[PDB]
file final28.csv (CSV, C-alpha atoms)
chain,number,residue,atom,x,y,z
A,784,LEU,CA,24.8,-4.1,18.7
A,785,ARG,CA,22.8,-1.0,17.8
A,786,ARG,CA,21.2,-0.2,21.2
A,787,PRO,CA,21.4,-1.7,24.7
A,788,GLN,CA,18.9,-4.5,25.4
A,789,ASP,CA,17.7,-3.1,28.7
A,790,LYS,CA,14.8,-0.9,27.9
A,791,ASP,CA,13.6,-3.0,30.8
A,792,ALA,CA,14.9,-6.3,32.1
A,793,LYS,CA,11.6,-8.0,31.5
A,794,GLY,CA,11.1,-7.1,27.8
A,795,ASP,CA,10.0,-10.1,25.7
A,796,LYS,CA,10.3,-8.1,22.4
A,797,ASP,CA,12.5,-10.0,20.0
A,798,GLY,CA,15.9,-8.7,19.2
A,799,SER,CA,14.8,-7.5,15.8
A,800,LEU,CA,17.6,-7.3,13.3
A,801,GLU,CA,18.4,-4.0,11.6
A,802,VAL,CA,20.2,-4.6,8.3
A,803,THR,CA,22.2,-1.9,6.6
A,804,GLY,CA,24.1,-2.1,3.3
A,805,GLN,CA,21.4,-1.4,0.7
A,806,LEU,CA,19.4,-4.6,1.1
A,807,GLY,CA,17.4,-5.8,-1.8
A,808,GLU,CA,14.8,-8.5,-1.1
A,809,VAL,CA,16.6,-11.8,-1.2
A,810,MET,CA,19.1,-10.4,1.3
A,811,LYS,CA,16.2,-9.6,3.7
A,812,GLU,CA,14.9,-13.1,3.7
A,813,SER,CA,18.4,-14.5,3.9
A,814,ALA,CA,19.2,-12.4,7.0
A,815,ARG,CA,15.9,-13.4,8.6
A,816,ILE,CA,16.7,-17.1,7.9
A,817,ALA,CA,20.1,-16.7,9.4
A,818,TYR,CA,18.7,-14.8,12.3
A,819,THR,CA,16.1,-17.4,13.2
A,820,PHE,CA,18.6,-20.3,12.7
A,821,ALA,CA,21.3,-18.6,14.8
A,822,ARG,CA,18.6,-18.2,17.4
A,823,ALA,CA,17.9,-21.9,17.2
A,824,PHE,CA,21.6,-22.8,17.5
A,825,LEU,CA,22.1,-20.7,20.6
A,826,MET,CA,18.9,-22.2,21.9
A,827,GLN,CA,20.0,-25.7,21.4
A,828,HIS,CA,23.7,-25.3,22.4
A,829,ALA,CA,23.8,-22.5,25.0
A,830,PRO,CA,20.3,-22.3,26.5
A,831,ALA,CA,21.4,-20.0,29.3
A,832,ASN,CA,22.4,-17.2,27.0
A,833,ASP,CA,19.6,-15.1,25.5
A,834,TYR,CA,21.5,-12.0,24.2
A,835,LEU,CA,20.4,-12.7,20.7
A,836,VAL,CA,16.7,-12.8,21.7
A,837,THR,CA,16.1,-9.3,23.0
A,838,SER,CA,18.6,-6.9,21.5
B,784,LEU,CA,8.0,18.6,30.4
B,785,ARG,CA,4.4,17.7,29.5
B,786,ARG,CA,2.5,17.5,32.8
B,787,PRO,CA,4.1,18.2,36.2
B,788,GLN,CA,7.0,16.1,37.3
B,789,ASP,CA,5.3,16.2,40.7
B,790,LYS,CA,2.6,13.8,39.3
B,791,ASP,CA,4.0,11.4,41.9
B,792,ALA,CA,7.3,12.4,43.3
B,793,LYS,CA,7.5,9.0,45.1
B,794,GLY,CA,6.5,7.2,41.8
B,795,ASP,CA,9.5,5.7,40.0
B,796,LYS,CA,7.8,6.0,36.6
B,797,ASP,CA,10.2,6.2,33.7
B,798,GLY,CA,10.5,9.6,32.2
B,799,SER,CA,8.6,9.1,29.0
B,800,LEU,CA,10.0,10.9,26.0
B,801,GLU,CA,7.5,12.1,23.4
B,802,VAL,CA,9.5,13.4,20.5
B,803,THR,CA,7.9,15.5,17.8
B,804,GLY,CA,8.9,17.1,14.5
B,805,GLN,CA,8.8,14.6,11.6
B,806,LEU,CA,11.4,12.4,13.1
B,807,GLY,CA,13.1,9.8,11.0
B,808,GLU,CA,12.9,6.3,12.3
B,809,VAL,CA,16.7,6.6,12.8
B,810,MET,CA,16.0,9.9,14.6
B,811,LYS,CA,14.0,7.9,17.1
B,812,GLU,CA,17.0,5.7,17.6
B,813,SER,CA,19.3,8.6,18.0
B,814,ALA,CA,16.8,10.2,20.4
B,815,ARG,CA,16.4,7.2,22.6
B,816,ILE,CA,20.2,6.8,22.5
B,817,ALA,CA,20.3,10.5,23.5
B,818,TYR,CA,18.0,9.9,26.4
B,819,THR,CA,20.2,7.0,27.6
B,820,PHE,CA,23.5,8.8,27.2
B,821,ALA,CA,22.0,11.9,28.8
B,822,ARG,CA,21.1,9.7,31.8
B,823,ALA,CA,24.6,8.2,31.7
B,824,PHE,CA,26.3,11.6,31.3
B,825,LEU,CA,24.2,13.0,34.1
B,826,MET,CA,25.3,10.3,36.4
B,827,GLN,CA,28.8,10.9,35.3
B,828,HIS,CA,28.6,14.7,36.0
B,829,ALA,CA,25.6,15.5,38.3
B,830,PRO,CA,24.5,12.3,40.1
B,831,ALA,CA,22.1,14.2,42.4
B,832,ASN,CA,20.1,15.5,39.5
B,833,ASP,CA,16.9,13.6,38.8
B,834,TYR,CA,15.0,15.0,35.8
B,835,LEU,CA,15.9,12.5,33.1
B,836,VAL,CA,15.6,9.5,35.4
B,837,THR,CA,12.1,10.4,36.6
B,838,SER,CA,10.6,13.1,34.3
call {"tool": "encode", "arguments": {"input": "final28.csv", "output": "structure tokens"}}
result
Amino acid sequence: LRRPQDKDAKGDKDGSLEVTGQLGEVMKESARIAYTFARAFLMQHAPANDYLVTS
Amino acid sequence: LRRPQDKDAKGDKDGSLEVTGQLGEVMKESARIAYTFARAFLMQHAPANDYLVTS
């Protein structure tokens, strides 16, 4: 985690990823794919959790 | 402080931070982290104090 989620408990802003490690381009799209898919998995499997959505 | 902190002493408005000085995007992260830890440290050391929470 880079920063606590609770700017305010109601925030709908997405838990935007912040890559480090000298990303090129293909690594950016890959991280975004993994990010959205991991979001989908936690959605489908553990709906109650949302920690990946807003942090 | 920008305008008076007595703008509404009853008002629970967040103390907005408005940083200046050609901040890096990471500097904004360090600064918001600074505001948060300042609030945390202030509760750790001077709980009665109320600037950072409401100024």
call {"tool": "closest_atom_pairs", "arguments": {"input": "final28.csv", "of": "chain A", "to": "chain B", "cutoff": "10 Å", "atoms": "only C-alpha atoms", "output": "Markdown table"}}
result
| residue | atom | partner | partner_atom | distance |
| --- | --- | --- | --- | --- |
| A:785 | CA | B:812 | CA | 8.9 |
| A:786 | CA | B:816 | CA | 7.2 |
| A:787 | CA | B:816 | CA | 8.9 |
| A:790 | CA | B:819 | CA | 9.6 |
call {"tool": "calpha_fit_and_write", "arguments": {"input": "final28.csv", "fixed": "chain B", "moving": "chain A", "output": "JSON list (two decimals) with C-alpha atoms, keeping the file's coordinate frame"}}
result
[["chain", "number", "residue", "atom", "x", "y", "z"],
["A", 784, "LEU", "CA", 9.06, 19.77, 29.72],
["A", 785, "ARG", "CA", 5.66, 18.49, 28.62],
["A", 786, "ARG", "CA", 4.06, 17.74, 32.03],
["A", 787, "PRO", "CA", 5.14, 18.15, 35.67],
["A", 788, "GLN", "CA", 7.06, 15.18, 37.12],
["A", 789, "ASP", "CA", 5.01, 14.95, 40.29],
["A", 790, "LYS", "CA", 2.21, 12.61, 39.55],
["A", 791, "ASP", "CA", 3.56, 11.43, 42.88],
["A", 792, "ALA", "CA", 6.91, 12.06, 44.50],
["A", 793, "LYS", "CA", 7.71, 8.39, 44.61],
["A", 794, "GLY", "CA", 7.14, 7.51, 40.92],
["A", 795, "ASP", "CA", 9.95, 5.35, 39.48],
["A", 796, "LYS", "CA", 8.50, 5.58, 35.90],
["A", 797, "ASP", "CA", 11.19, 6.79, 33.55],
["A", 798, "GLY", "CA", 10.97, 10.22, 32.11],
["A", 799, "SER", "CA", 9.92, 8.89, 28.75],
["A", 800, "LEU", "CA", 10.78, 11.19, 25.89],
["A", 801, "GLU", "CA", 8.04, 12.49, 23.61],
["A", 802, "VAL", "CA", 9.49, 13.49, 20.23],
["A", 803, "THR", "CA", 7.65, 15.79, 17.88],
["A", 804, "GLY", "CA", 8.74, 16.98, 14.43],
["A", 805, "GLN", "CA", 7.64, 14.15, 12.13],
["A", 806, "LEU", "CA", 10.10, 11.50, 13.29],
["A", 807, "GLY", "CA", 11.04, 8.80, 10.91],
["A", 808, "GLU", "CA", 12.83, 5.77, 12.36],
["A", 809, "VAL", "CA", 16.49, 6.64, 12.54],
["A", 810, "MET", "CA", 15.54, 9.80, 14.44],
["A", 811, "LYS", "CA", 13.71, 7.64, 17.05],
["A", 812, "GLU", "CA", 16.70, 5.52, 17.77],
["A", 813, "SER", "CA", 18.96, 8.54, 17.72],
["A", 814, "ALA", "CA", 16.82, 10.36, 20.32],
["A", 815, "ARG", "CA", 16.69, 7.23, 22.48],
["A", 816, "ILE", "CA", 20.52, 6.95, 22.27],
["A", 817, "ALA", "CA", 20.89, 10.54, 23.22],
["A", 818, "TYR", "CA", 18.36, 10.18, 25.94],
["A", 819, "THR", "CA", 20.03, 7.20, 27.58],
["A", 820, "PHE", "CA", 23.54, 8.77, 27.21],
["A", 821, "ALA", "CA", 22.41, 12.13, 28.64],
["A", 822, "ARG", "CA", 20.99, 10.10, 31.48],
["A", 823, "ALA", "CA", 24.36, 8.47, 31.96],
["A", 824, "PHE", "CA", 26.19, 11.82, 31.90],
["A", 825, "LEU", "CA", 23.96, 13.35, 34.54],
["A", 826, "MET", "CA", 24.37, 10.15, 36.47],
["A", 827, "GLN", "CA", 28.07, 10.23, 36.38],
["A", 828, "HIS", "CA", 28.58, 14.03, 36.81],
["A", 829, "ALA", "CA", 25.63, 15.27, 38.90],
["A", 830, "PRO", "CA", 24.31, 12.24, 40.80],
["A", 831, "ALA", "CA", 22.09, 14.34, 43.04],
["A", 832, "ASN", "CA", 19.96, 15.60, 40.21],
["A", 833, "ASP", "CA", 17.36, 13.21, 38.79],
["A", 834, "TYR", "CA", 15.07, 15.58, 36.78],
["A", 835, "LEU", "CA", 15.84, 13.76, 33.61],
["A", 836, "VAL", "CA", 14.82, 10.38, 35.10],
["A", 837, "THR", "CA", 11.16, 10.90, 35.90],
["A", 838, "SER", "CA", 9.72, 13.63, 33.72]]
call {"tool": "axis_aligned_box", "arguments": {"input": "final28.csv", "around": "region 807-819 of chain B", "padding_each_side": "6 Å", "output": "lines of an AutoDock Vina configuration file"}}
result
center_x = 16.6
center_y = 8.1
center_z = 19.3
size_x = 19.4
size_y = 16.8
size_z = 28.6
call {"tool": "residues_near_point", "arguments": {"input": "final28.csv", "point": "(19.5, -4.3, 11.8)", "cutoff": "12 Å", "atoms": "all atoms listed in the file", "output": "PyMOL selection string"}}
result
(chain A and resi 784-786+798-806+811+814-815+818+838) or (chain B and resi 809+812)
call {"tool": "atom_distance", "arguments": {"input": "final28.csv", "atom1": "CA of residue 796 (chain B)", "atom2": "CA of residue 821 (chain B)"}}
result
17.2 Å
call {"tool": "atom_distance", "arguments": {"input": "final28.csv", "atom1": "CA of residue 808 (chain B)", "atom2": "CA of residue 807 (chain A)"}}
result
19.1 Å
call {"tool": "atom_distance", "arguments": {"input": "final28.csv", "atom1": "CA of residue 792 (chain A)", "atom2": "CA of residue 836 (chain B)"}}
result
16.2 Å
call {"tool": "build_atoms", "arguments": {"input": "final28.csv", "residues": "region 824-838 of chain A", "atoms": "N, CA, C and O atoms", "output": "PDB file, keeping the file's coordinate frame"}}
result
ATOM      1  N   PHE A 824      20.368 -22.103  17.093  1.00  0.00           N
ATOM      2  CA  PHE A 824      21.600 -22.800  17.500  1.00  0.00           C
ATOM      3  C   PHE A 824      21.920 -22.366  18.921  1.00  0.00           C
ATOM      4  O   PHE A 824      22.290 -23.214  19.735  1.00  0.00           O
ATOM      5  N   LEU A 825      21.862 -21.072  19.222  1.00  0.00           N
ATOM      6  CA  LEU A 825      22.100 -20.700  20.600  1.00  0.00           C
ATOM      7  C   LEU A 825      21.142 -21.255  21.567  1.00  0.00           C
ATOM      8  O   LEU A 825      21.493 -21.528  22.715  1.00  0.00           O
ATOM      9  N   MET A 826      19.916 -21.486  21.120  1.00  0.00           N
ATOM     10  CA  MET A 826      18.900 -22.200  21.900  1.00  0.00           C
ATOM     11  C   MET A 826      19.423 -23.568  22.264  1.00  0.00           C
ATOM     12  O   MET A 826      19.577 -23.940  23.433  1.00  0.00           O
ATOM     13  N   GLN A 827      19.713 -24.338  21.223  1.00  0.00           N
ATOM     14  CA  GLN A 827      20.000 -25.700  21.400  1.00  0.00           C
ATOM     15  C   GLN A 827      21.357 -25.931  22.123  1.00  0.00           C
ATOM     16  O   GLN A 827      21.486 -26.865  22.922  1.00  0.00           O
ATOM     17  N   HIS A 828      22.327 -25.043  21.907  1.00  0.00           N
ATOM     18  CA  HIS A 828      23.700 -25.300  22.400  1.00  0.00           C
ATOM     19  C   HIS A 828      23.964 -24.574  23.692  1.00  0.00           C
ATOM     20  O   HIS A 828      24.616 -25.148  24.566  1.00  0.00           O
ATOM     21  N   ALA A 829      23.510 -23.335  23.834  1.00  0.00           N
ATOM     22  CA  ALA A 829      23.800 -22.500  25.000  1.00  0.00           C
ATOM     23  C   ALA A 829      22.463 -21.952  25.458  1.00  0.00           C
ATOM     24  O   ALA A 829      22.165 -20.781  25.196  1.00  0.00           O
ATOM     25  N   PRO A 830      21.612 -22.770  26.090  1.00  0.00           N
ATOM     26  CA  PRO A 830      20.300 -22.300  26.500  1.00  0.00           C
ATOM     27  C   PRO A 830      20.338 -21.075  27.409  1.00  0.00           C
ATOM     28  O   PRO A 830      19.448 -20.218  27.349  1.00  0.00           O
ATOM     29  N   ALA A 831      21.346 -21.014  28.286  1.00  0.00           N
ATOM     30  CA  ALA A 831      21.400 -20.000  29.300  1.00  0.00           C
ATOM     31  C   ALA A 831      21.488 -18.592  28.688  1.00  0.00           C
ATOM     32  O   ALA A 831      20.901 -17.628  29.192  1.00  0.00           O
ATOM     33  N   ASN A 832      22.220 -18.477  27.585  1.00  0.00           N
ATOM     34  CA  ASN A 832      22.400 -17.200  27.000  1.00  0.00           C
ATOM     35  C   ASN A 832      21.085 -16.849  26.278  1.00  0.00           C
ATOM     36  O   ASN A 832      20.357 -17.743  25.840  1.00  0.00           O
ATOM     37  N   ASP A 833      20.765 -15.568  26.235  1.00  0.00           N
ATOM     38  CA  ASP A 833      19.600 -15.100  25.500  1.00  0.00           C
ATOM     39  C   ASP A 833      19.869 -13.793  24.760  1.00  0.00           C
ATOM     40  O   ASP A 833      18.916 -13.194  24.249  1.00  0.00           O
ATOM     41  N   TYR A 834      21.129 -13.337  24.712  1.00  0.00           N
ATOM     42  CA  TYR A 834      21.500 -12.000  24.200  1.00  0.00           C
ATOM     43  C   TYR A 834      20.977 -11.776  22.810  1.00  0.00           C
ATOM     44  O   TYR A 834      20.627 -10.651  22.442  1.00  0.00           O
ATOM     45  N   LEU A 835      20.866 -12.838  22.026  1.00  0.00           N
ATOM     46  CA  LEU A 835      20.400 -12.700  20.700  1.00  0.00           C
ATOM     47  C   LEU A 835      18.870 -12.540  20.625  1.00  0.00           C
ATOM     48  O   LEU A 835      18.338 -12.156  19.579  1.00  0.00           O
ATOM     49  N   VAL A 836      18.172 -12.755  21.737  1.00  0.00           N
ATOM     50  CA  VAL A 836      16.700 -12.800  21.700  1.00  0.00           C
ATOM     51  C   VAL A 836      16.089 -11.431  21.858  1.00  0.00           C
ATOM     52  O   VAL A 836      15.030 -11.177  21.285  1.00  0.00           O
ATOM     53  N   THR A 837      16.728 -10.527  22.596  1.00  0.00           N
ATOM     54  CA  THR A 837      16.100  -9.300  23.000  1.00  0.00           C
ATOM     55  C   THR A 837      17.035  -8.101  22.890  1.00  0.00           C
ATOM     56  O   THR A 837      17.125  -7.257  23.778  1.00  0.00           O
ATOM     57  N   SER A 838      17.724  -8.000  21.756  1.00  0.00           N
ATOM     58  CA  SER A 838      18.600  -6.900  21.500  1.00  0.00           C
ATOM     59  C   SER A 838      18.691  -6.538  20.040  1.00  0.00           C
ATOM     60  O   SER A 838      18.925  -7.410  19.200  1.00  0.00           O
TER      61      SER A 838
END
